[PDB]
$ cat my_file-v4.pdb   # PDB, C-alpha atoms and all ligand atoms
ATOM      1  CA  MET A   1     -23.639 -14.198 -24.725
ATOM      2  CA  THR A   2     -20.629 -16.472 -25.167
ATOM      3  CA  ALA A   3     -17.157 -16.838 -23.704
ATOM      4  CA  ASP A   4     -14.655 -14.199 -24.869
ATOM      5  CA  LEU A   5     -11.675 -16.358 -25.719
ATOM      6  CA  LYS A   6      -9.550 -13.410 -26.834
ATOM      7  CA  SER A   7     -10.037 -11.773 -23.430
ATOM      8  CA  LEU A   8      -9.159 -15.049 -21.682
ATOM      9  CA  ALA A   9      -5.968 -15.322 -23.713
ATOM     10  CA  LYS A  10      -5.018 -11.781 -22.662
ATOM     11  CA  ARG A  11      -5.768 -12.552 -18.999
ATOM     12  CA  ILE A  12      -3.473 -15.580 -19.147
ATOM     13  CA  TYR A  13      -0.715 -13.543 -20.815
ATOM     14  CA  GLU A  14      -0.984 -10.806 -18.212
ATOM     15  CA  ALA A  15      -0.828 -13.337 -15.389
ATOM     16  CA  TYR A  16       2.309 -14.799 -16.936
ATOM     17  CA  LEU A  17       3.986 -11.389 -17.179
ATOM     18  CA  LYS A  18       3.053 -10.696 -13.554
ATOM     19  CA  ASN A  19       4.139 -13.984 -12.032
ATOM     20  CA  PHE A  20       7.327 -15.090 -13.814
ATOM     21  CA  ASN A  21      10.526 -13.196 -13.096
ATOM     22  CA  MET A  22      11.793 -14.014 -16.564
ATOM     23  CA  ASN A  23       9.986 -13.706 -19.839
ATOM     24  CA  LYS A  24      11.144 -14.009 -23.403
ATOM     25  CA  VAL A  25      11.371 -10.253 -24.071
ATOM     26  CA  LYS A  26      13.359  -9.655 -20.862
ATOM     27  CA  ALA A  27      15.670 -12.550 -21.737
ATOM     28  CA  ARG A  28      16.246 -11.377 -25.293
ATOM     29  CA  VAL A  29      17.171  -7.851 -24.123
ATOM     30  CA  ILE A  30      19.845  -9.367 -21.869
ATOM     31  CA  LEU A  31      21.041 -11.929 -24.425
ATOM     32  CA  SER A  32      21.405  -9.151 -27.053
ATOM     33  CA  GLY A  33      23.981  -7.221 -25.009
ATOM     34  CA  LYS A  34      21.742  -4.218 -24.227
ATOM     35  CA  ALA A  35      21.904  -4.564 -20.409
ATOM     36  CA  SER A  36      23.996  -1.466 -19.780
ATOM     37  CA  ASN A  37      23.526  -1.812 -15.994
ATOM     38  CA  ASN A  38      24.362  -5.112 -14.293
ATOM     39  CA  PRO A  39      25.053  -7.140 -17.472
ATOM     40  CA  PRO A  40      25.304 -10.921 -17.080
ATOM     41  CA  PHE A  41      28.521 -12.423 -15.868
ATOM     42  CA  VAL A  42      29.779 -15.018 -18.377
ATOM     43  CA  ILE A  43      30.506 -18.421 -16.819
ATOM     44  CA  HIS A  44      32.545 -20.448 -19.332
ATOM     45  CA  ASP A  45      35.086 -22.263 -17.166
ATOM     46  CA  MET A  46      35.862 -23.056 -13.528
ATOM     47  CA  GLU A  47      37.601 -19.718 -12.872
ATOM     48  CA  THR A  48      34.546 -17.751 -14.030
ATOM     49  CA  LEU A  49      32.106 -20.089 -12.240
ATOM     50  CA  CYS A  50      33.924 -19.408  -8.977
ATOM     51  CA  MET A  51      34.056 -15.657  -9.588
ATOM     52  CA  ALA A  52      30.330 -15.582 -10.327
ATOM     53  CA  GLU A  53      29.512 -17.566  -7.186
ATOM     54  CA  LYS A  54      31.552 -15.224  -5.015
ATOM     55  CA  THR A  55      29.527 -12.280  -6.229
ATOM     56  CA  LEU A  56      26.069 -13.769  -6.807
ATOM     57  CA  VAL A  57      25.632 -16.638  -4.324
ATOM     58  CA  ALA A  58      28.392 -15.800  -1.837
ATOM     59  CA  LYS A  59      26.949 -17.830   1.052
ATOM     60  CA  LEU A  60      27.259 -21.012  -1.013
ATOM     61  CA  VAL A  61      31.048 -20.649  -1.261
ATOM     62  CA  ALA A  62      31.705 -19.061   2.160
ATOM     63  CA  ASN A  63      32.629 -22.388   3.749
ATOM     64  CA  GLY A  64      36.313 -22.685   2.777
ATOM     65  CA  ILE A  65      37.534 -26.278   2.610
ATOM     66  CA  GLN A  66      33.940 -27.300   3.450
ATOM     67  CA  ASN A  67      32.504 -25.829   0.229
ATOM     68  CA  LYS A  68      30.907 -28.579  -1.856
ATOM     69  CA  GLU A  69      32.349 -29.738  -5.172
ATOM     70  CA  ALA A  70      31.680 -27.374  -8.096
ATOM     71  CA  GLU A  71      29.229 -29.752  -9.781
ATOM     72  CA  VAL A  72      27.237 -30.161  -6.580
ATOM     73  CA  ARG A  73      27.119 -26.371  -6.093
ATOM     74  CA  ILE A  74      25.851 -26.051  -9.677
ATOM     75  CA  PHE A  75      23.187 -28.705  -9.095
ATOM     76  CA  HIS A  76      22.151 -26.887  -5.914
ATOM     77  CA  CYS A  77      21.713 -23.668  -7.899
ATOM     78  CA  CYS A  78      19.695 -25.517 -10.521
ATOM     79  CA  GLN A  79      17.398 -26.719  -7.736
ATOM     80  CA  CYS A  80      16.977 -23.224  -6.317
ATOM     81  CA  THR A  81      15.882 -22.099  -9.757
ATOM     82  CA  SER A  82      13.294 -24.905  -9.948
ATOM     83  CA  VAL A  83      11.943 -24.124  -6.466
ATOM     84  CA  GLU A  84      11.416 -20.509  -7.491
ATOM     85  CA  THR A  85       9.785 -21.449 -10.806
ATOM     86  CA  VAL A  86       7.488 -23.866  -8.961
ATOM     87  CA  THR A  87       6.364 -20.986  -6.692
ATOM     88  CA  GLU A  88       5.733 -18.765  -9.733
ATOM     89  CA  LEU A  89       3.795 -21.534 -11.531
ATOM     90  CA  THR A  90       1.615 -22.128  -8.472
ATOM     91  CA  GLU A  91       0.473 -18.504  -8.432
ATOM     92  CA  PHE A  92       0.130 -18.385 -12.241
ATOM     93  CA  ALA A  93      -2.228 -21.378 -12.189
ATOM     94  CA  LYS A  94      -4.845 -19.334 -10.313
ATOM     95  CA  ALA A  95      -5.456 -17.431 -13.557
ATOM     96  CA  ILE A  96      -6.473 -20.614 -15.430
ATOM     97  CA  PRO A  97     -10.302 -20.845 -15.595
ATOM     98  CA  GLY A  98     -11.466 -23.616 -13.351
ATOM     99  CA  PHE A  99      -8.169 -24.375 -11.636
ATOM    100  CA  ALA A 100      -8.943 -22.589  -8.343
ATOM    101  CA  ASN A 101     -12.372 -24.328  -8.294
ATOM    102  CA  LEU A 102     -10.797 -27.783  -8.179
ATOM    103  CA  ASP A 103     -10.238 -29.663  -4.965
ATOM    104  CA  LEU A 104      -6.932 -28.715  -3.345
ATOM    105  CA  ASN A 105      -5.582 -32.244  -3.844
ATOM    106  CA  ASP A 106      -6.234 -32.126  -7.610
ATOM    107  CA  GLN A 107      -4.546 -28.708  -7.786
ATOM    108  CA  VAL A 108      -1.532 -30.296  -6.089
ATOM    109  CA  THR A 109      -1.503 -33.271  -8.470
ATOM    110  CA  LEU A 110      -1.759 -31.106 -11.570
ATOM    111  CA  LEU A 111       1.139 -28.912 -10.366
ATOM    112  CA  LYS A 112       3.163 -31.979  -9.316
ATOM    113  CA  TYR A 113       3.176 -33.437 -12.864
ATOM    114  CA  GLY A 114       3.012 -30.201 -14.766
ATOM    115  CA  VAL A 115       5.710 -28.056 -13.146
ATOM    116  CA  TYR A 116       8.788 -29.664 -14.743
ATOM    117  CA  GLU A 117       7.149 -29.811 -18.175
ATOM    118  CA  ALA A 118       6.429 -26.102 -17.826
ATOM    119  CA  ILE A 119       9.943 -25.465 -16.444
ATOM    120  CA  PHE A 120      11.610 -27.002 -19.463
ATOM    121  CA  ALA A 121       9.270 -25.239 -21.903
ATOM    122  CA  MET A 122      10.030 -21.849 -20.369
ATOM    123  CA  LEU A 123      13.728 -22.580 -19.988
ATOM    124  CA  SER A 124      13.906 -22.377 -23.770
ATOM    125  CA  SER A 125      13.309 -18.648 -23.484
ATOM    126  CA  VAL A 126      16.639 -18.152 -21.650
ATOM    127  CA  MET A 127      18.609 -20.516 -23.895
ATOM    128  CA  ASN A 128      20.477 -19.994 -27.123
ATOM    129  CA  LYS A 129      22.769 -22.418 -28.905
ATOM    130  CA  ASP A 130      25.731 -21.225 -26.809
ATOM    131  CA  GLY A 131      24.401 -21.004 -23.260
ATOM    132  CA  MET A 132      21.665 -19.920 -20.909
ATOM    133  CA  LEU A 133      20.741 -17.067 -18.573
ATOM    134  CA  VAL A 134      20.796 -17.885 -14.874
ATOM    135  CA  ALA A 135      20.570 -16.175 -11.491
ATOM    136  CA  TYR A 136      17.751 -13.777 -12.289
ATOM    137  CA  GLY A 137      19.413 -12.696 -15.515
ATOM    138  CA  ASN A 138      22.778 -11.969 -13.906
ATOM    139  CA  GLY A 139      24.772 -14.858 -15.306
ATOM    140  CA  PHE A 140      25.216 -16.519 -18.681
ATOM    141  CA  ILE A 141      26.559 -20.073 -18.348
ATOM    142  CA  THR A 142      27.845 -21.716 -21.501
ATOM    143  CA  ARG A 143      26.480 -24.909 -22.939
ATOM    144  CA  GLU A 144      30.033 -26.207 -23.427
ATOM    145  CA  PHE A 145      30.924 -25.550 -19.775
ATOM    146  CA  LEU A 146      27.918 -27.552 -18.597
ATOM    147  CA  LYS A 147      28.941 -30.387 -20.963
ATOM    148  CA  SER A 148      32.421 -30.317 -19.427
ATOM    149  CA  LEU A 149      31.240 -31.176 -15.916
ATOM    150  CA  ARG A 150      31.926 -34.579 -14.478
ATOM    151  CA  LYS A 151      29.370 -37.311 -15.000
ATOM    152  CA  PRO A 152      26.520 -37.399 -14.163
ATOM    153  CA  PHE A 153      26.174 -33.645 -13.885
ATOM    154  CA  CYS A 154      27.149 -32.960 -17.521
ATOM    155  CA  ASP A 155      24.063 -34.922 -18.555
ATOM    156  CA  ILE A 156      21.498 -32.611 -16.905
ATOM    157  CA  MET A 157      21.276 -29.653 -19.248
ATOM    158  CA  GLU A 158      22.165 -30.931 -22.725
ATOM    159  CA  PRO A 159      18.771 -32.610 -23.466
ATOM    160  CA  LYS A 160      17.084 -29.365 -22.380
ATOM    161  CA  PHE A 161      19.192 -27.361 -24.827
ATOM    162  CA  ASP A 162      18.277 -29.896 -27.531
ATOM    163  CA  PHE A 163      14.590 -29.429 -26.779
ATOM    164  CA  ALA A 164      14.960 -25.654 -26.600
ATOM    165  CA  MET A 165      16.713 -25.205 -29.940
ATOM    166  CA  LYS A 166      13.817 -26.781 -31.767
ATOM    167  CA  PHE A 167      11.207 -25.142 -29.545
ATOM    168  CA  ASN A 168      12.764 -21.712 -30.128
ATOM    169  CA  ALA A 169      12.662 -22.299 -33.893
ATOM    170  CA  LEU A 170       8.849 -22.155 -33.658
ATOM    171  CA  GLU A 171       9.273 -18.452 -32.870
ATOM    172  CA  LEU A 172       6.633 -18.331 -30.149
ATOM    173  CA  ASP A 173       6.179 -15.153 -28.147
ATOM    174  CA  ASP A 174       5.123 -14.761 -24.521
ATOM    175  CA  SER A 175       1.447 -14.536 -25.483
ATOM    176  CA  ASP A 176       1.751 -18.037 -26.964
ATOM    177  CA  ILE A 177       4.036 -19.456 -24.242
ATOM    178  CA  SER A 178       1.709 -18.300 -21.470
ATOM    179  CA  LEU A 179      -1.172 -20.322 -22.948
ATOM    180  CA  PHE A 180       1.069 -23.321 -23.686
ATOM    181  CA  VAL A 181       2.138 -23.350 -19.991
ATOM    182  CA  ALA A 182      -1.502 -23.134 -18.925
ATOM    183  CA  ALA A 183      -2.346 -26.055 -21.211
ATOM    184  CA  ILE A 184       0.524 -28.123 -19.749
ATOM    185  CA  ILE A 185      -0.889 -27.659 -16.260
ATOM    186  CA  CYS A 186      -4.401 -28.758 -17.356
ATOM    187  CA  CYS A 187      -3.883 -32.410 -18.282
ATOM    188  CA  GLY A 188      -6.699 -34.757 -17.353
ATOM    189  CA  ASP A 189      -4.563 -37.880 -17.627
ATOM    190  CA  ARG A 190      -2.215 -37.175 -14.722
ATOM    191  CA  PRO A 191      -1.981 -40.135 -12.338
ATOM    192  CA  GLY A 192      -4.122 -39.955  -9.224
ATOM    193  CA  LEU A 193      -6.568 -37.231 -10.173
ATOM    194  CA  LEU A 194      -9.965 -37.356  -8.464
ATOM    195  CA  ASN A 195     -12.184 -35.148 -10.591
ATOM    196  CA  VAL A 196     -10.986 -36.211 -14.013
ATOM    197  CA  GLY A 197     -14.145 -35.008 -15.701
ATOM    198  CA  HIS A 198     -13.908 -31.415 -14.533
ATOM    199  CA  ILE A 199     -10.185 -31.343 -15.301
ATOM    200  CA  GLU A 200     -10.844 -32.616 -18.819
ATOM    201  CA  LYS A 201     -13.316 -29.756 -19.338
ATOM    202  CA  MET A 202     -10.772 -27.297 -17.955
ATOM    203  CA  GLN A 203      -8.225 -28.766 -20.390
ATOM    204  CA  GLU A 204     -10.610 -28.567 -23.346
ATOM    205  CA  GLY A 205     -11.308 -24.910 -22.574
ATOM    206  CA  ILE A 206      -7.731 -23.776 -22.271
ATOM    207  CA  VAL A 207      -6.649 -25.789 -25.307
ATOM    208  CA  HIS A 208      -9.460 -24.108 -27.244
ATOM    209  CA  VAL A 209      -8.105 -20.683 -26.163
ATOM    210  CA  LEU A 210      -4.600 -21.825 -27.217
ATOM    211  CA  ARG A 211      -5.775 -23.123 -30.595
ATOM    212  CA  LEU A 212      -7.641 -19.923 -31.474
ATOM    213  CA  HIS A 213      -4.788 -17.724 -30.297
ATOM    214  CA  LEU A 214      -2.194 -19.607 -32.391
ATOM    215  CA  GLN A 215      -4.484 -19.386 -35.411
ATOM    216  CA  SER A 216      -4.596 -15.587 -35.035
ATOM    217  CA  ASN A 217      -1.025 -14.934 -33.925
ATOM    218  CA  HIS A 218       0.697 -17.354 -36.322
ATOM    219  CA  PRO A 219      -1.265 -17.275 -39.612
ATOM    220  CA  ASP A 220       1.933 -18.342 -41.385
ATOM    221  CA  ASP A 221       2.233 -21.747 -39.605
ATOM    222  CA  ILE A 222      -1.008 -23.700 -39.993
ATOM    223  CA  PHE A 223       0.449 -26.715 -38.168
ATOM    224  CA  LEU A 224       1.626 -24.797 -35.117
ATOM    225  CA  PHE A 225      -1.089 -26.162 -32.809
ATOM    226  CA  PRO A 226      -0.361 -29.857 -33.569
ATOM    227  CA  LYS A 227       3.382 -29.076 -33.321
ATOM    228  CA  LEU A 228       2.739 -27.791 -29.799
ATOM    229  CA  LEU A 229       0.646 -30.815 -28.861
ATOM    230  CA  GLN A 230       3.643 -32.938 -29.857
ATOM    231  CA  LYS A 231       5.947 -30.692 -27.843
ATOM    232  CA  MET A 232       3.792 -31.410 -24.780
ATOM    233  CA  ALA A 233       4.310 -35.124 -25.282
ATOM    234  CA  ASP A 234       8.042 -34.557 -25.852
ATOM    235  CA  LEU A 235       8.163 -32.599 -22.573
ATOM    236  CA  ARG A 236       6.551 -35.471 -20.669
ATOM    237  CA  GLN A 237       9.270 -37.771 -21.952
ATOM    238  CA  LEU A 238      11.988 -35.209 -21.159
ATOM    239  CA  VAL A 239      10.680 -34.999 -17.581
ATOM    240  CA  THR A 240      10.520 -38.781 -17.161
ATOM    241  CA  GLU A 241      14.149 -38.970 -18.255
ATOM    242  CA  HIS A 242      15.143 -36.020 -16.073
ATOM    243  CA  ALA A 243      13.547 -37.619 -12.995
ATOM    244  CA  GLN A 244      15.496 -40.813 -13.704
ATOM    245  CA  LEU A 245      18.773 -38.866 -13.779
ATOM    246  CA  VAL A 246      17.863 -37.032 -10.584
ATOM    247  CA  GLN A 247      17.306 -40.425  -8.910
ATOM    248  CA  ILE A 248      20.759 -41.579 -10.054
ATOM    249  CA  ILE A 249      22.266 -38.433  -8.553
ATOM    250  CA  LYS A 250      20.323 -39.026  -5.321
ATOM    251  CA  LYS A 251      21.534 -42.642  -5.019
ATOM    252  CA  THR A 252      25.140 -42.042  -6.020
ATOM    253  CA  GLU A 253      26.068 -38.450  -4.981
ATOM    254  CA  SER A 254      25.905 -38.093  -1.195
ATOM    255  CA  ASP A 255      26.571 -34.314  -1.226
ATOM    256  CA  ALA A 256      23.864 -33.441  -3.771
ATOM    257  CA  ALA A 257      21.079 -32.820  -1.302
ATOM    258  CA  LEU A 258      17.624 -32.588  -2.879
ATOM    259  CA  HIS A 259      15.464 -29.704  -1.677
ATOM    260  CA  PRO A 260      12.383 -31.068   0.128
ATOM    261  CA  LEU A 261       9.869 -29.372  -2.158
ATOM    262  CA  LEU A 262      11.457 -31.022  -5.173
ATOM    263  CA  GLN A 263      11.773 -34.360  -3.405
ATOM    264  CA  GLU A 264       8.000 -34.234  -2.885
ATOM    265  CA  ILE A 265       7.405 -33.383  -6.546
ATOM    266  CA  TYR A 266       9.517 -36.332  -7.672
ATOM    267  CA  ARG A 267       8.105 -38.813  -5.135
ATOM    268  CA  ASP A 268       5.796 -41.320  -6.846
ATOM    269  CA  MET A 269       5.892 -39.246 -10.009
ATOM    270  CA  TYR A 270       7.041 -41.762 -12.636
TER
HETATM  271  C1  LIG B 301      26.190 -17.830  -9.825
HETATM  272  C2  LIG B 301      25.140 -18.866  -9.463
HETATM  273  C3  LIG B 301      24.761 -19.671 -10.702
HETATM  274  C4  LIG B 301      26.003 -20.351 -11.266
HETATM  275  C5  LIG B 301      25.573 -21.341 -12.336
HETATM  276  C6  LIG B 301      25.008 -22.588 -11.662
HETATM  277  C7  LIG B 301      23.908 -23.230 -12.007
HETATM  278  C8  LIG B 301      22.965 -22.868 -13.148
HETATM  279  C9  LIG B 301      21.700 -22.231 -12.566
HETATM  280  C10 LIG B 301      20.512 -22.468 -13.066
HETATM  281  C11 LIG B 301      20.237 -23.405 -14.248
HETATM  282  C12 LIG B 301      18.737 -23.304 -14.628
HETATM  283  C13 LIG B 301      17.826 -24.240 -14.499
HETATM  284  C14 LIG B 301      18.052 -25.618 -13.871
HETATM  285  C15 LIG B 301      17.596 -26.753 -14.820
HETATM  286  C16 LIG B 301      17.130 -27.932 -14.441
HETATM  287  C17 LIG B 301      16.754 -28.325 -12.994
HETATM  288  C18 LIG B 301      17.638 -29.394 -12.389
HETATM  289  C19 LIG B 301      17.387 -29.497 -10.905
HETATM  290  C20 LIG B 301      15.980 -30.001 -10.681
HETATM  291  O1  LIG B 301      15.665 -31.170 -10.951
HETATM  292  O2  LIG B 301      15.174 -29.198 -10.171
END

$ encode --input "my_file-v4.pdb" --output "structure tokens" --more "lines below"
Ligand SMILES: CCCCC/C=C\C/C=C\C/C=C\C/C=C\CCCC(=O)O
Amino acid sequence: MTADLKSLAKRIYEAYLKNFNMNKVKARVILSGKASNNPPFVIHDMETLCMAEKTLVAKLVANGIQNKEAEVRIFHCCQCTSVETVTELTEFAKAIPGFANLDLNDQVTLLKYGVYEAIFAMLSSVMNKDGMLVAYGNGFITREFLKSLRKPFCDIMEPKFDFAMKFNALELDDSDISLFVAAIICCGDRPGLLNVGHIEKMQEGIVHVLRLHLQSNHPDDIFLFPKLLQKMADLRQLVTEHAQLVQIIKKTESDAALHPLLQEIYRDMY
């Protein structure tokens, strides 16, 4: 006559496998070199960037002399990835107990502050020390190539690789990551929330599910739960810094149009 926390953890996991196009197993199959059909195109320099664009995002480079600068095209593709992950996170959040019972405005606020923290947590799954999967698993862009871009665009991805190398060393699987993403979304201290009390109870419940799951799934790492609490705080700081860089790009790079959904996420955020 009590809550079945193991069942809730499995529900969350299954919602994550249903709603995200990429998961850690899918990414590892690709990254291993086992994709015998449509393997990822390796983007390690300008020649291979431009080849990959012509095949994978042809419309973006179909403008001749009017095509935007490479770095701006890359930033545009980064934004398209975020817009898609935001859509996936919004549907995933319906699986979190209590989330769909909140007022619509509180659901919006929780997603507004939580999406980029979740984005950078899950981005770790497509990153290794050399590069990252992009374009629905059809490209692999190298870490060194992204570092080679002109300022400020070379400064976007490196802090996310730094976060990801340490996050990946925790050896989480998708059952853990799904619950960590749910816990990110359920933070009662986001600015502007109306029903803080109910959100705090939603947070306590999902963090309880997370804690018990990590205890079972990672008996070898008794500090994994507090490590993940710290990672949540690190992600908040990573997002604050990322938003600051995006604002520099907005002020100083006239061609780097911000998609309106992301502009709304960033507006009044930090
Ligand atoms: C062939 C098309 C792809 C070529 C490679 C170009 C770009 C890399 C694509 C995706 C990179 C993945 C995630 C983006 C990371 C951070 C979001 C920054 C934009 C934002 O603040 O939302």

$ closest_residue --input "my_file-v4.pdb" --among "A:84, A:91, A:53, A:47" --to "ligand LIG 301 (chain B)" --atoms "all atoms listed in the file"
A:53

$ residues_near_ligand --input "my_file-v4.pdb" --ligand "ligand LIG 301 (chain B)" --cutoff "6 Å" --atoms "all atoms listed in the file" --output "PyMOL selection string"
chain A and resi 52-53+56-57+74+77-79+81-82+134-135

$ residues_around --input "my_file-v4.pdb" --residues "residue A:76" --least-positions-apart "5" --cutoff "9 Å" --atoms "all atoms listed in the file" --output "PyMOL selection string"
chain A and resi 71+81+256-259

$ closest_residue --input "my_file-v4.pdb" --among "A:171, A:103, A:234, A:155" --to "residue A:118" --atoms "all atoms listed in the file"
A:234

$ residues_around --input "my_file-v4.pdb" --residues "residue A:55" --least-positions-apart "3" --cutoff "12 Å" --atoms "all atoms listed in the file" --output "PyMOL selection string"
chain A and resi 38+40-41+48-52+58-62+135+138-139

$ residues_around --input "my_file-v4.pdb" --residues "stretch 21-28 of chain A" --least-positions-apart "6" --cutoff "7 Å" --atoms "only C-alpha atoms" --output "PyMOL selection string"
chain A and resi 125-126+173-174

$ closest_residue --input "my_file-v4.pdb" --among "A:198, A:54, A:112, A:242" --to "residue A:160" --atoms "only C-alpha atoms"
A:242

$ build_atoms --input "my_file-v4.pdb" --residues "stretch 36-48 of chain A" --atoms "N, CA and C atoms" --output "PDB file, in the frame of the given file"
ATOM      1  N   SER A  36      22.892  -2.357 -20.115  1.00  0.00           N
ATOM      2  CA  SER A  36      23.996  -1.466 -19.780  1.00  0.00           C
ATOM      3  C   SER A  36      24.254  -1.386 -18.279  1.00  0.00           C
ATOM      4  N   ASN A  37      23.311  -1.808 -17.437  1.00  0.00           N
ATOM      5  CA  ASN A  37      23.526  -1.812 -15.994  1.00  0.00           C
ATOM      6  C   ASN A  37      23.407  -3.259 -15.536  1.00  0.00           C
ATOM      7  N   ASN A  38      24.364  -3.729 -14.755  1.00  0.00           N
ATOM      8  CA  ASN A  38      24.362  -5.112 -14.293  1.00  0.00           C
ATOM      9  C   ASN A  38      24.177  -6.136 -15.421  1.00  0.00           C
ATOM     10  N   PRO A  39      25.055  -6.115 -16.427  1.00  0.00           N
ATOM     11  CA  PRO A  39      25.053  -7.140 -17.472  1.00  0.00           C
ATOM     12  C   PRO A  39      25.421  -8.503 -16.909  1.00  0.00           C
ATOM     13  N   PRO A  40      25.085  -9.580 -17.628  1.00  0.00           N
ATOM     14  CA  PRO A  40      25.304 -10.921 -17.080  1.00  0.00           C
ATOM     15  C   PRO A  40      26.786 -11.258 -17.021  1.00  0.00           C
ATOM     16  N   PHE A  41      27.174 -11.887 -15.938  1.00  0.00           N
ATOM     17  CA  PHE A  41      28.521 -12.423 -15.868  1.00  0.00           C
ATOM     18  C   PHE A  41      28.630 -13.747 -16.644  1.00  0.00           C
ATOM     19  N   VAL A  42      29.627 -13.848 -17.520  1.00  0.00           N
ATOM     20  CA  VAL A  42      29.779 -15.018 -18.377  1.00  0.00           C
ATOM     21  C   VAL A  42      30.545 -16.102 -17.629  1.00  0.00           C
ATOM     22  N   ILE A  43      29.932 -17.253 -17.497  1.00  0.00           N
ATOM     23  CA  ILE A  43      30.506 -18.421 -16.819  1.00  0.00           C
ATOM     24  C   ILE A  43      30.841 -19.418 -17.911  1.00  0.00           C
ATOM     25  N   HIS A  44      32.140 -19.558 -18.242  1.00  0.00           N
ATOM     26  CA  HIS A  44      32.545 -20.448 -19.332  1.00  0.00           C
ATOM     27  C   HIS A  44      33.589 -21.447 -18.891  1.00  0.00           C
ATOM     28  N   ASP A  45      34.029 -21.379 -17.644  1.00  0.00           N
ATOM     29  CA  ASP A  45      35.086 -22.263 -17.166  1.00  0.00           C
ATOM     30  C   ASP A  45      35.032 -22.223 -15.646  1.00  0.00           C
ATOM     31  N   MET A  46      35.900 -22.996 -14.989  1.00  0.00           N
ATOM     32  CA  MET A  46      35.862 -23.056 -13.528  1.00  0.00           C
ATOM     33  C   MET A  46      36.241 -21.720 -12.898  1.00  0.00           C
ATOM     34  N   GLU A  47      37.246 -21.021 -13.441  1.00  0.00           N
ATOM     35  CA  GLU A  47      37.601 -19.718 -12.872  1.00  0.00           C
ATOM     36  C   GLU A  47      36.392 -18.783 -12.850  1.00  0.00           C
ATOM     37  N   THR A  48      35.681 -18.674 -13.968  1.00  0.00           N
ATOM     38  CA  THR A  48      34.546 -17.751 -14.030  1.00  0.00           C
ATOM     39  C   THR A  48      33.341 -18.273 -13.255  1.00  0.00           C
TER      40      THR A  48
END
